[PDB]
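See structure below.
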Amino acid sequence: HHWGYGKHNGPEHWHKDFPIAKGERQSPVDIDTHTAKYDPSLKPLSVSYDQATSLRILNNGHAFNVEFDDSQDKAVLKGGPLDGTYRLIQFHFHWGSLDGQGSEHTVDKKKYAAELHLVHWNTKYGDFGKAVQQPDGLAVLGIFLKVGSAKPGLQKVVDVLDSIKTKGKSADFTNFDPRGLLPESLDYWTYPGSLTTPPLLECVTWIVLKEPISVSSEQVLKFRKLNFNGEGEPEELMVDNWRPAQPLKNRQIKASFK
Ligand SMILES: NS(=O)(=O)c1ccc(NC(=O)Cn2ccc(=O)[nH]c2=O)cc1
Ligand SMILES: [Zn+2]
């Protein structure tokens with residue numbers, strides 16, 4: 001009886017195995033755009049993905065992860081609210097059963113159809129496992145998805161999903177360029193938070209871009225054909241794998257833009 005997104009093991013149950021679920025800096029949150037304060041001392045984000053080396057795509061039973069070689073400074077996030085260099089290790093998405101829900105963060109209570117998370121770890125801690133034990137260990141770049149025009153740079157991801165339908169399946173996934181998933185503007189909100197799945201560790205500087213990307217209805221429909229279950233188990237569609245907004249508590253969301 002492990003955690004998931006069903007009626008009996010979903011987000012409202014997670015605190016029983018992971019008491020930090022009720023902690024002081026949990027994610028996601030609602031971004032109230034009128035209360036977020038412009039911080040002119042924030043620097044522009046630096047997204048340096050030209051040398052990124054993707055390796056594999058994995059259905060882990062909760063989402064699918066596109067994994068990268070993080071044994072060198074190849075794809076890094078710097079600047080913005082960050083001190084130091086954060087290396088890209090994986091990206092994944094959260095999405096809904098319907099276009100009206102799916103994102104984890106919300107904007108003035110608006111839910112997007114999906115949300116992309118590009119996960120990076122602070123190189124001063126040496127590896128990801130040590131980084132998640134630190135309050136400034138991770139930087140997650142969050143990007144909202146709305147349904148409209150197709151995102152051409154997403155299609156290579158969509159087309160491999162048939163090969164990783166069920167939990168525990170992986171496939172080679174080399175030469176994928178995550179620059180094709182970015183919007184035009186890098187304007188962002190930022191706040192201190194957590195992993196949005198167990199173990200819910202309070203180790204993330206969240207950087208959420210204001211500009212969503214557009215994906216097509218056909219692209220998101222293919223996300224919804226994935227399975228939470230393993231092969232040869234009863235089919236449960238991988239949909240609504242999002243945690244709802246958590247209390248902001250004693251935190252301020254800062255904006256990079258006026
Ligand atoms: N929704 S989230 O807050 O961004 C969030 C982000 C990351 C995690 N955990 C990991 O990444 C662990 N890990 C590490 C290397 C890897 O290759 N694959 C992988 O899974 C959990 C939640
Ligand atoms: Zn995530």
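Expressed in whole Å with the largest first, what are the equivalent ellipsoid semi-axes of region 83-167 derived from the C-alpha gyration tensor as the square root of 5 times each eigenvalue?
Each semi-axis is √(5λ); the values are 27, 17, 12 Å.
Return the tail of the calculated pair distribution for the chain, meaning the percent of Cα-Cα pairs more than 33 Å apart. It would help to have the intermediate numbers written out before the result.
Working: 4267 of 33153 pairs.
Roughly 13 percent, rounded to a whole number.
Report the label-to-label distance for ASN175 and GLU233 in nanometres (one decimal), using points 7 Å from each Cα along the Cα→Cβ vector.
3.5 nm
What is the fewest-to-most order of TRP14, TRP95 by other Cβ atoms lying within 10 Å of their Cβ?
Numbers: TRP14 20, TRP95 26.
So the residues, fewest neighbours to most, are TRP14, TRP95.
So what are region 1-150's ellipsoid semi-axes, whole angstrom, largest first, if each one is the square root of 5 times an eigenvalue of the alpha-carbon gyration tensor?
After scaling each eigenvalue by five and taking roots: 25, 21, 18 Å.
Just to compare against my own numbers: the Cα pair-distance distribution for region 118-258, 5 Å bins, whole % per bin, please.
Distribution as computed: 2, 8, 13, 16, 19, 20, 14, 6, 1, 0, 0 percent.
May I ask you to compute the full-extension gain from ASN250 to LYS124, defined as 0.36 nm times their residue separation minus their alpha-carbon distance, rounded to one decimal in nm?
42.7 nm
Between Rg and the Kirkwood Rh of region 186-255, both from Cα atoms, what is the Rg to Rh ratio? Can you show the working numbers first?
Numbers: Rg = 16.3 Å, Rh = 15.2 Å.
Dividing the radius of gyration by the Kirkwood radius yields 1.07.
Any read-out appearing in this document is the output of simple, stated calculations on the displayed coordinates, not a laboratory observation. Neighbour counts are summed over all protein chains in view; Cβ atoms, including those assigned to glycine, are modelled from backbone coordinates with ideal geometry.
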